[PDB]
Amino acid sequence: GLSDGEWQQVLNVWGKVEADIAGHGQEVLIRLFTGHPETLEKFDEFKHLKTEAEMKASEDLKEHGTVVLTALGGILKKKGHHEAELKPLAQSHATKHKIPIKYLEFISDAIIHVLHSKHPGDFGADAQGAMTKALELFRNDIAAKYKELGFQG
Ligand code: HEM
């Protein structure tokens, strides 16, 4: 867990994202897909967008980025009391999309990268500490449900 002070740093940084969720969303997906090409293959509707420039030219990709960060923001705002929002996501990523936990690790690092990239010098050490914790929490709770389901990957 996170202290209230850590949660207040998480939500304060999330406010920066909300200034433009789609722009942040697109950056996260691109970092993921260029950094770990294997992840693109799980998306049937984007697997043909193998380079950064192709990825940038798709509003469909950008609306998916929007969906991803609006879901995440909604989870962060629960401050760890997220059992109800997390179970459906774990189940669908495990059973429908077949997303190994490693990919969640990847997107987690991608978010940190993007925050530093879009707000250089504005994402403090303290802020980073708290955001990291928050994503680890998220990952760890998804991990528990994967285990329940035996999604070996
Ligand atoms: C911050 C972590 C993530 C969040 C919040 C998230 C959220 C979502 C949401 C809300 C949906 C739509 C509803 C559903 O199908 O459950 C979805 C679908 C999907 N997710 Fe994720 N996701 C995350 C990570 C990932 C990663 C790392 C991958 C793959 C490398 C992935 C692959 C997919 C795919 C393939 C679908 C179906 C897509 C489509 O129909 O275009 N997700 N995700």
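What's counted below: heavy atoms across the whole structure, side chains too, no hydrogens, waters or symmetry copies. Residues: numbered from 1 along the sequence shown. We count ligands from 1, going down the list as the structure has it; atoms in each ligand are counted the same way.
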Asks: Sequence neighbours excluded, which residues qualify as side chain to side chain contact (heavy atoms under 4.5 Å, CB included) partners of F106?
Replies: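 Checked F106 against side chain to side chain contact (heavy atoms under 4.5 Å, CB included); matches are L32, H36, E38, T39, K102, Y103.
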
Asks: How far is atom 32 (C) of ligand 1 from the closest protein heavy atom, and which atom is that?
Replies: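 Protein heavy atom at minimum distance: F43 CZ, 3.3 Å.
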
Asks: Among all the protein's heavy atoms, is there at least one whose distance to atom 37 (C) of ligand 1 comes out below 4.0 Å?
Replies: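 Answer yes: something from the protein, a heavy atom, is under 4.0 Å.
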
Asks: Considering only residues two or more places apart or on different chains, which pairs with a residue in residues 113-140 satisfy salt bridge (charged side-chain N to carboxylate O under 4.0 Å, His left out)?
Replies: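 Non-adjacent pairs meeting salt bridge (charged side-chain N to carboxylate O under 4.0 Å, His left out): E6-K133.
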
Asks: What residue and atom, counting heavy atoms only, is the protein's closest point to atom 39 (C) of ligand 1, and at what distance?
Replies: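 Here the nearest protein heavy atom works out to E45 OE1, 3.9 Å.
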
Asks: Around atom NZ of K56, are there more than 12 heavy atoms of other residues, nucleotides or ligands at under 6.0 Å?
Replies: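 No, NZ of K56 has 12 or fewer neighbouring heavy atoms, counting only those of other groups under 6.0 Å.
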
Asks: Can you tell me which residue and heavy atom of the protein come closest to atom 35 (C) of ligand 1, and the distance to 0.1 Å?
Replies: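 Checked against all protein heavy atoms, atom 35 (C) of ligand 1 sits closest to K42 O, 3.3 Å.
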
Asks: Consider every N or O of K96 and every N or O of ligand 1, then say whether any pair is closer than 3.5 Å.
Replies: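 Between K96 and ligand 1, an N or O pair is found under 3.5 Å apart.
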
Asks: Working to the nearest 0.5 Å, report the span between CG of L137 and CD1 of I75.
Replies: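 Here the interatomic distance stands at 11.5 Å.
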
Asks: Give yes if a backbone or side-chain nitrogen or oxygen of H64 is under 3.5 Å from a nitrogen or oxygen of ligand 1, and no if not.
Replies: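 No, there is no polar N/O contact under 3.5 Å.
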
Asks: Name all pairs fulfilling the salt bridge (charged side-chain N to carboxylate O under 4.0 Å, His left out) condition that reach into residues 9-25, sequence neighbours left out, sorted by first residue then second.
Replies: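 Sorted pair list: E18-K77.
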
Asks: Using a distance-only test with no angle check, is there a side-chain donor-acceptor pair under 3.5 angstrom linking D4 and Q8?
Replies: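 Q8 and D4 do have a side-chain donor-acceptor pair below 3.5 Å.
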
Asks: To the nearest 0.5 Å, what is the distance between NZ (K145) and CD (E83)?
Replies: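 Going from NZ on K145 over to CD on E83, the span is 7.0 Å.
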
Asks: Between atom CZ of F43 and atom NE2 of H64, what is the distance when rounded to the nearest 0.5 Å?
Replies: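 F43 CZ to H64 NE2: 4.5 Å, rounded to 0.5 Å.
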
Asks: Considering only heavy atoms, does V67 approach ligand 1 within less than 4.0 Å through its side chain, its backbone, both, or neither?
Replies: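 Side chain only.
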
Asks: Please report which non-hydrogen protein atom sits nearest to atom 24 (C) of ligand 1, along with the residue it belongs to and the distance in Å to one decimal place.
Replies: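 It is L104 CD2, 3.7 Å.
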
Asks: Any side-chain donor paired with an acceptor under 3.5 Å for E54 and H48?
Replies: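 Per modelled atom types, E54 and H48 side chains form no pair under 3.5 Å.
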
Asks: Strictly under 2.8 Å, how many protein N, O or S atoms lie near atom 21 (Fe) of ligand 1? Waters don't count.
Replies: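 The number of such protein atoms is 1.
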
Asks: Atom CG of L135 and atom CG of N140: how far apart are they, to the nearest 0.5 Å?
Replies: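 Those atoms lie 12.5 Å apart.
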
Asks: How far is atom 27 (C) of ligand 1 from its nearest protein heavy atom, and which residue and atom is that?
Replies: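 Ranking protein heavy atoms by distance from atom 27 (C) of ligand 1, first comes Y103 O, 3.5 Å.
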
